[PDB]
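Right, one structure below, let's go through it.
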Amino acid sequence: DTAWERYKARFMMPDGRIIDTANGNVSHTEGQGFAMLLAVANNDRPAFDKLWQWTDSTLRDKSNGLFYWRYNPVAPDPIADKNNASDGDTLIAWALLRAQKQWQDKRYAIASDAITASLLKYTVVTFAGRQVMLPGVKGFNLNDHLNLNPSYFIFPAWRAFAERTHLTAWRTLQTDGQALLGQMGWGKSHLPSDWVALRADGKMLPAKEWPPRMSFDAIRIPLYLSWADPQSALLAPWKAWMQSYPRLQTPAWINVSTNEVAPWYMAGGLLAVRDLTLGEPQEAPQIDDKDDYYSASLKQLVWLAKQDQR
């Protein structure tokens, strides 16, 4: 549609990179995976193959089958950080699975299978009596704590994986991730922060190392919850918090430890997630010049989440 064409015109380079034009024009596996999902949804196989070809040739980590998470084209070494971002790897593998169905080509599913096997082998660990997906292979396993990002619990992707391969392991991860998320939540909003520290006895708190806000990571949680199951009881704190504000005066973040809220309000893609969470009817998205990469992406992912309720 028009939104997707405008998205490619503003953010997709001819080499297949998606450009975070608000963050120094960098590319990352979240951006590639988001765009690959949207390319399938718009039945745009040329764009999908360009996005995937650049991702695979440029970012593949050959030691474990995952992907270097960030590409900075102005840096002396554009792939300085050699760690992965597990939500990006997941989105890429999920887009490939959906590409097989859309275009009836098993090669996309064979590619997906390698990545999902890599995700289970290298990013999923046993901790506090549950299976948990780390945000990356390195840097998040502190000894008696894990630093987790619940916005990387991409429930609709995990369900798709389970239908294809390693059903029991992916189903257990989904069960454990819903259970952990159900135990999260702080302050008067009872919402999770972007980053959550899980201690080995099960105790959770907002992680020490980041601002303890529900903000640009955590807001994807109700998106993924509603994408997988709009009737989920895990949506309850999200609906309650958003219902306590006027639609056009909903704070863009909240500090869940102090209850301080942003002095500015959700618009664009953030507002689209709010509308999705509350079930408020919204029409197909339009990508305005006031949307950055992040807002433009969320607008279309919200629309896709609605479409997948068929």
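In the structure tokens, chains take the letters A, B, ... in the order shown, each chain's residues start at 1, and ligands count up from 1 in the order shown.
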
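Every protein or nucleic acid residue with an atom no more than 9 Å from stretch 64-75 of chain A, counting only C-alpha atoms and leaving out same-chain residues fewer than 5 positions away, appears here: residues 24, 25, 26, 27, 28, 29, 30, 55, 56, 58, 59, 80, 81, 82, 83, 84, 85, 86, 88, 89, 114, 115, 117, 118, 119, 121 and 122 of chain A.
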
Can you tell me, as a PDB file with C-alpha atoms, in the first residue's frame, what residues are no more than 10 Å from stretch 10-22 of chain A when counting only C-alpha atoms, ignoring any on the same chain fewer than 4 positions away?
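Wrote selection.pdb, looks like this:
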ATOM      1  CA  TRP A   4       4.757   0.847   2.776  1.00  0.00           C
ATOM      2  CA  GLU A   5       5.896   2.670  -0.374  1.00  0.00           C
ATOM      3  CA  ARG A   6       6.432   5.860   1.636  1.00  0.00           C
ATOM      4  CA  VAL A  26      22.281   3.401  11.582  1.00  0.00           C
ATOM      5  CA  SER A  27      20.769   0.023  10.744  1.00  0.00           C
ATOM      6  CA  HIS A  28      19.955  -2.783  13.145  1.00  0.00           C
ATOM      7  CA  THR A  29      18.394  -6.219  13.225  1.00  0.00           C
ATOM      8  CA  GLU A  30      15.177  -4.837  14.708  1.00  0.00           C
ATOM      9  CA  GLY A  31      14.903  -2.548  11.683  1.00  0.00           C
ATOM     10  CA  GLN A  32      15.749  -5.249   9.143  1.00  0.00           C
ATOM     11  CA  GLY A  33      13.362  -7.700  10.815  1.00  0.00           C
ATOM     12  CA  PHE A  34      10.516  -5.183  11.087  1.00  0.00           C
ATOM     13  CA  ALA A  35      10.932  -4.262   7.436  1.00  0.00           C
ATOM     14  CA  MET A  36      11.149  -7.900   6.341  1.00  0.00           C
ATOM     15  CA  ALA A  47      12.127  -5.658  -1.235  1.00  0.00           C
ATOM     16  CA  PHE A  48      12.098  -8.696   1.058  1.00  0.00           C
ATOM     17  CA  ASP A  49      14.960 -10.330  -0.845  1.00  0.00           C
ATOM     18  CA  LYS A  50      16.955  -7.062  -0.804  1.00  0.00           C
ATOM     19  CA  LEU A  51      16.414  -6.622   2.944  1.00  0.00           C
ATOM     20  CA  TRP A  52      17.286 -10.243   3.696  1.00  0.00           C
ATOM     21  CA  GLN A  53      20.274 -10.353   1.333  1.00  0.00           C
ATOM     22  CA  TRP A  54      21.836  -7.321   3.007  1.00  0.00           C
ATOM     23  CA  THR A  55      21.082  -8.636   6.506  1.00  0.00           C
ATOM     24  CA  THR A  58      26.461  -8.057   6.233  1.00  0.00           C
ATOM     25  CA  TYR A  71      25.478  -1.337  11.595  1.00  0.00           C
ATOM     26  CA  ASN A  72      26.950   2.183  11.714  1.00  0.00           C
ATOM     27  CA  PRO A  73      27.901   3.262   8.158  1.00  0.00           C
ATOM     28  CA  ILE A 287       3.337   7.776   7.085  1.00  0.00           C
ATOM     29  CA  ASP A 289       6.860  13.565   7.382  1.00  0.00           C
ATOM     30  CA  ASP A 291       7.036  10.202  11.619  1.00  0.00           C
ATOM     31  CA  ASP A 292      10.584   9.095  12.339  1.00  0.00           C
ATOM     32  CA  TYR A 293      11.744   5.524  11.578  1.00  0.00           C
ATOM     33  CA  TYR A 294      10.432   4.295  14.920  1.00  0.00           C
ATOM     34  CA  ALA A 296       6.555   4.806  10.981  1.00  0.00           C
ATOM     35  CA  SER A 297       7.468   1.218  11.878  1.00  0.00           C
TER      36      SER A 297
END

Compare A:124, A:40, A:153, A:197 by their minimum atom-to-atom distance to residue A:97, counting only C-alpha atoms, and give me the closest one.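 Ranking A:124, A:40, A:153, A:197 by distance to residue A:97, first place goes to A:40.
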
List every residue of stretch 118-164 of chain A that DSSP, applied to the backbone of this structure, assigns to strand (DSSP E or B), and report them as a PyMOL selection string. chain A and resi 124-127+130-133+141+145-148

Selected residues written out, C-alpha atoms, as a PDB file, in the first residue's frame:
ATOM      1  CA  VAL A 124      17.709 -19.449  25.965  1.00  0.00           C
ATOM      2  CA  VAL A 125      18.854 -20.459  29.439  1.00  0.00           C
ATOM      3  CA  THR A 126      17.403 -22.137  32.509  1.00  0.00           C
ATOM      4  CA  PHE A 127      17.166 -19.611  35.356  1.00  0.00           C
ATOM      5  CA  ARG A 130      12.110 -21.211  34.011  1.00  0.00           C
ATOM      6  CA  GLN A 131      13.326 -21.026  30.423  1.00  0.00           C
ATOM      7  CA  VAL A 132      14.242 -17.419  29.581  1.00  0.00           C
ATOM      8  CA  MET A 133      15.568 -15.711  26.445  1.00  0.00           C
ATOM      9  CA  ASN A 141      24.127 -12.996  32.326  1.00  0.00           C
ATOM     10  CA  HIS A 145      20.916 -11.974  38.069  1.00  0.00           C
ATOM     11  CA  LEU A 146      19.896 -11.834  34.436  1.00  0.00           C
ATOM     12  CA  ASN A 147      19.192  -8.495  32.791  1.00  0.00           C
ATOM     13  CA  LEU A 148      16.129  -9.185  30.660  1.00  0.00           C
TER      14      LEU A 148
END

As a PyMOL selection string, please: every residue in stretch 39-130 of chain A that DSSP puts in helix (DSSP H, G or I). chain A and resi 39-41+45-59+86-103+106-123

List as a ChimeraX atom specification the protein and nucleic acid residues near stretch 159-171 of chain A, meaning an atom at most 9 Å away when only C-alpha atoms are counted, but skip any in the same chain fewer than 4 places from it. /A:93-94,97-98,109,112-113,116-117,120,131,154-155,175-176,228

Selection above as a file: N, CA and C atoms, as a PDB file, in the first residue's frame:
ATOM      1  N   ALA A  93      13.900 -14.191  11.794  1.00  0.00           N
ATOM      2  CA  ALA A  93      13.498 -15.582  11.601  1.00  0.00           C
ATOM      3  C   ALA A  93      11.997 -15.692  11.384  1.00  0.00           C
ATOM      4  N   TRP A  94      11.229 -14.858  12.081  1.00  0.00           N
ATOM      5  CA  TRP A  94       9.776 -14.862  11.938  1.00  0.00           C
ATOM      6  C   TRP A  94       9.369 -14.380  10.554  1.00  0.00           C
ATOM      7  N   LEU A  97       9.942 -17.189   8.085  1.00  0.00           N
ATOM      8  CA  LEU A  97       8.869 -18.176   8.153  1.00  0.00           C
ATOM      9  C   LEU A  97       7.633 -17.687   7.401  1.00  0.00           C
ATOM     10  N   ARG A  98       7.262 -16.423   7.606  1.00  0.00           N
ATOM     11  CA  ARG A  98       6.089 -15.884   6.929  1.00  0.00           C
ATOM     12  C   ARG A  98       6.323 -15.738   5.429  1.00  0.00           C
ATOM     13  N   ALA A 109      11.975 -20.916   4.751  1.00  0.00           N
ATOM     14  CA  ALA A 109      11.734 -21.648   5.990  1.00  0.00           C
ATOM     15  C   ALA A 109      12.985 -22.380   6.457  1.00  0.00           C
ATOM     16  N   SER A 112      14.909 -19.787   8.224  1.00  0.00           N
ATOM     17  CA  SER A 112      14.304 -19.534   9.527  1.00  0.00           C
ATOM     18  C   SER A 112      14.710 -20.600  10.536  1.00  0.00           C
ATOM     19  N   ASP A 113      14.645 -21.874  10.127  1.00  0.00           N
ATOM     20  CA  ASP A 113      14.915 -22.982  11.041  1.00  0.00           C
ATOM     21  C   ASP A 113      16.309 -22.886  11.656  1.00  0.00           C
ATOM     22  N   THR A 116      16.121 -20.074  14.372  1.00  0.00           N
ATOM     23  CA  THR A 116      15.386 -20.451  15.578  1.00  0.00           C
ATOM     24  C   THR A 116      16.144 -21.506  16.377  1.00  0.00           C
ATOM     25  N   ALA A 117      16.815 -22.445  15.703  1.00  0.00           N
ATOM     26  CA  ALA A 117      17.655 -23.390  16.437  1.00  0.00           C
ATOM     27  C   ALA A 117      18.796 -22.669  17.145  1.00  0.00           C
ATOM     28  N   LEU A 120      17.429 -20.949  20.352  1.00  0.00           N
ATOM     29  CA  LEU A 120      17.287 -21.853  21.490  1.00  0.00           C
ATOM     30  C   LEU A 120      18.648 -22.251  22.051  1.00  0.00           C
ATOM     31  N   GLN A 131      12.579 -21.313  31.639  1.00  0.00           N
ATOM     32  CA  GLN A 131      13.326 -21.026  30.423  1.00  0.00           C
ATOM     33  C   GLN A 131      13.152 -19.552  30.097  1.00  0.00           C
ATOM     34  N   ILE A 154       8.758 -11.981  22.154  1.00  0.00           N
ATOM     35  CA  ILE A 154       7.905 -11.711  20.973  1.00  0.00           C
ATOM     36  C   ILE A 154       6.951 -12.894  20.841  1.00  0.00           C
ATOM     37  N   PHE A 155       5.889 -12.853  21.644  1.00  0.00           N
ATOM     38  CA  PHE A 155       4.954 -13.972  21.736  1.00  0.00           C
ATOM     39  C   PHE A 155       4.394 -14.441  20.395  1.00  0.00           C
ATOM     40  N   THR A 175       5.180 -20.208  27.555  1.00  0.00           N
ATOM     41  CA  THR A 175       4.551 -20.363  28.863  1.00  0.00           C
ATOM     42  C   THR A 175       5.336 -19.633  29.943  1.00  0.00           C
ATOM     43  N   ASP A 176       6.657 -19.820  29.949  1.00  0.00           N
ATOM     44  CA  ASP A 176       7.488 -19.215  30.977  1.00  0.00           C
ATOM     45  C   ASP A 176       7.561 -17.700  30.815  1.00  0.00           C
ATOM     46  N   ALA A 228      -0.598 -11.588  19.575  1.00  0.00           N
ATOM     47  CA  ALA A 228      -0.772 -13.011  19.843  1.00  0.00           C
ATOM     48  C   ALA A 228      -2.171 -13.332  20.360  1.00  0.00           C
TER      49      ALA A 228
END

Would you mind telling me which residue in A:236, A:252, A:180, A:219 lies nearest to residue A:298 when using only C-alpha atoms?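 Closest to residue A:298, using only C-alpha atoms: A:219.
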
List as a PyMOL selection string the protein and nucleic acid residues near residue A:295, meaning an atom at most 9 Å away when only C-alpha atoms are counted, but skip any in the same chain fewer than 5 places from it. chain A and resi 267-270+272+287+290+300

Can you spit out the residues from that selection as an mmCIF file, in the first residue's frame, using N, CA, C and O atoms?
data_model
loop_
_atom_site.group_PDB
_atom_site.id
_atom_site.type_symbol
_atom_site.label_atom_id
_atom_site.label_comp_id
_atom_site.auth_asym_id
_atom_site.auth_seq_id
_atom_site.Cartn_x
_atom_site.Cartn_y
_atom_site.Cartn_z
ATOM 1 N N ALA A 267 2.096 10.056 20.409
ATOM 2 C CA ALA A 267 1.586 10.444 19.110
ATOM 3 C C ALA A 267 2.048 9.389 18.115
ATOM 4 O O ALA A 267 2.804 8.480 18.471
ATOM 5 N N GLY A 268 1.590 9.506 16.870
ATOM 6 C CA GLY A 268 2.125 8.666 15.801
ATOM 7 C C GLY A 268 2.086 7.189 16.148
ATOM 8 O O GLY A 268 1.045 6.649 16.546
ATOM 9 N N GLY A 269 3.244 6.530 16.030
ATOM 10 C CA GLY A 269 3.304 5.090 16.274
ATOM 11 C C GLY A 269 3.003 4.702 17.713
ATOM 12 O O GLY A 269 2.367 3.674 17.963
ATOM 13 N N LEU A 270 3.471 5.498 18.683
ATOM 14 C CA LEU A 270 3.130 5.191 20.074
ATOM 15 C C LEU A 270 1.627 5.254 20.286
ATOM 16 O O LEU A 270 1.042 4.388 20.949
ATOM 17 N N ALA A 272 -0.621 4.739 18.068
ATOM 18 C CA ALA A 272 -1.203 3.572 17.409
ATOM 19 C C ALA A 272 -1.171 2.345 18.317
ATOM 20 O O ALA A 272 -2.126 1.563 18.348
ATOM 21 N N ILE A 287 1.985 7.414 6.666
ATOM 22 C CA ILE A 287 3.337 7.776 7.085
ATOM 23 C C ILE A 287 3.516 9.258 6.768
ATOM 24 O O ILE A 287 3.733 9.628 5.604
ATOM 25 N N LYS A 290 6.263 13.888 9.725
ATOM 26 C CA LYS A 290 6.528 13.973 11.151
ATOM 27 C C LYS A 290 6.809 12.607 11.790
ATOM 28 O O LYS A 290 7.243 12.556 12.942
ATOM 29 N N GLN A 300 2.798 0.710 11.219
ATOM 30 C CA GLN A 300 2.503 -0.382 10.306
ATOM 31 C C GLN A 300 2.458 -1.726 11.015
ATOM 32 O O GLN A 300 1.712 -2.612 10.589
#

Point out the residue among A:310, A:249, A:303, A:225 with the least atom-to-atom distance to residue A:38, counting only C-alpha atoms. A:303
